[PDB]
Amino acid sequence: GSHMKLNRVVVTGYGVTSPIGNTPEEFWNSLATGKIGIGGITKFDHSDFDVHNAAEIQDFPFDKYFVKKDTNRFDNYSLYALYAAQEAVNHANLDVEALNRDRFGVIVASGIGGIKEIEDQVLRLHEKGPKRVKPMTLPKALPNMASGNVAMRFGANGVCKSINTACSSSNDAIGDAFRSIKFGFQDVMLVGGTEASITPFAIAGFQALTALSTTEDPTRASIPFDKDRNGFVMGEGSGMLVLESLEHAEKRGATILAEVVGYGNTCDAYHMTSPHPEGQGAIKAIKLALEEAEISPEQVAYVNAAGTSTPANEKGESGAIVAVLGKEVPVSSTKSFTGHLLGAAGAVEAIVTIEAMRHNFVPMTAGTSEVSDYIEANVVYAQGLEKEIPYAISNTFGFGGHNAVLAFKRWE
């Protein structure tokens, strides 16, 4: 027809693997008890770098679903996604053999895919020669393989792609899945993000950009909005969500955890590695999410800020939040706990926003003790506020001028 009927999109389950937990309970446990996951880099000899802290996953449940041989097949970035997606499926009680697999899609966002494999194989190539590049290199490295792997693991035949917008990647991944089910192209979506770039190269890259915090004290390294913030801390991990059409969830009596109601996407089109100091594009991004969500500024009870713990970020971000929502709405950045997961940021912060609602609890911004003079946003720190959160948003601002905002509605 000339028209397309809209559907409501709900979250029925989610999985996660991060520096602060490999299950929803552990994960949320860490947030509510203020237990951060930042510590000394153990993944490699950082003795020569300017950065010595990172949020690693040092207790990854490998045996649960994998066998040693799987390391010749997937890079950590893919392992994380697979695990997360499985947990999400187990959590959503989604029986994939009961699914209309053509309406079943997967979208796994990522900023740099298997950068570790790339680094390694590039050395092999230049040490031993072309004849020495492992055949499974590209299948492990290519940024889209996670999407395929997750799809291959659950027989999803629907829409399958990976989106890349740096730090905003998984926020855009969930948004596209949102729009997809909403306009009726798919019924179920496995969507989230994964990152595994705590490699010498990735760190060397961001350090050269001077974006990584050099603070030696793991507890003052990631302090979003704090006047002493000097860069973001690299984290690693993946977060997967299972989205379905309201109609589909009900038809199988699934347990709705929350609901996706808005998605804003804009581009600063200004600075190439930073967001507008005045959050010009971020503002519109928020307005767009709210517009789609048909709700107004006042109804927003919580904002999970990008809060990368960088001077420029928090300046622009607080600005835009105050411009649209105000100085009353609670603002916290959980990157203070998990570090910056980059392509996986959006996904994990969505789980934070969702659980926050399901617990009537606004998680704090760990480490933060003295907010910058100029930040007029109601930043939460020291400890977490208990509050009824009917509507909440989660922001992400990637390098390149990418802005993405997801709007959620607590389930009735």
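So that there is no doubt, residue numbering starts at 1 and follows the sequence shown.
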271-279 versus 190-198 - greater average Cα B-factor per the deposited record: 271-279
Would 76-84 or 262-270 have the larger average of its C-alpha temperature factors, as given in the entry? 262-270
Looking at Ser169, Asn149, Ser238, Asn100, which one carries the largest C-alpha B-factor according to the PDB entry? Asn100
Entry-reported C-alpha B-factor of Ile41 relative to its chain, by third, is lowest
Sorting the chain's CA B-factors, does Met4 end up in the lowest, middle or highest third? highest
Where does the C-alpha B-factor of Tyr302 rank in its chain, lowest, middle or highest third? lowest
Here the Cα B-factor of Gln121, set against its chain, lands in the third termed lowest
Sorting the chain's CA B-factors, does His340 end up in the lowest, middle or highest third? middle
